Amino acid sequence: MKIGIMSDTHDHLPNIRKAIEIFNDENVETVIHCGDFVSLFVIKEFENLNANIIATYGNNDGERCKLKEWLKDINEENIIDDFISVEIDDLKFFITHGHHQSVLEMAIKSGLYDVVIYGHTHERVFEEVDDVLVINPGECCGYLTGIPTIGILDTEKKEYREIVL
């Protein structure tokens, strides 16, 4: 009962690859990428991942439909949209790329969700506000801050772990 969380890979193959290895060596049923995968060729790299993918689009994602199509070739279970609202291990998740805070806030204050993954490069966090777990793993590529990171959430224990790549 462990979920991988990543975002902002920005075509950084070596780090994308380390992330996948880390998610495989761990249980990890599903992996969430709120990301700016950025380029289509990155999706290929995800064939080596032994888990389904719940993705969301960032501002820099150009080939939107091709990204969707390719993620589904990897597995029909995989999904991707601007916003994703799903339930996992009996938990209500809201997932999106960290664009406007106004959507983050309604999401938290609406009370409709147990977890809000608001992925983006800055403002890395794992906090609880109004009983809603708020998580942002930060950039997987580590280009703007110099610190590459991903995260793993144990849905069962409601505990999170930031992993510096």
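Sequential numbering from 1, following the sequence displayed.
Here 102-110 and 63-71 are compared by their mean Cα B-factor, and 63-71 comes out higher. Note on the listed residues 125, 28, 32, 40: the highest Cα temperature factor in the record is that of 28.
Among the modelled residues of its chain, residue 91 has a C-alpha B-factor that falls in the highest third, as given in the PDB entry. Ranked within its chain, residue 159 lands in the highest third, by CA B factor from the PDB record. Compared with the other modelled residues of the chain, the Cα B-factor recorded for residue 3 ranks in the middle third.
Residue-level temperature factors show residue 116 in the lowest third of its chain, judged at the C-alpha atom. When the modelled residues of the chain are ordered by their C-alpha B factor, residue 134 lands in the lowest third.
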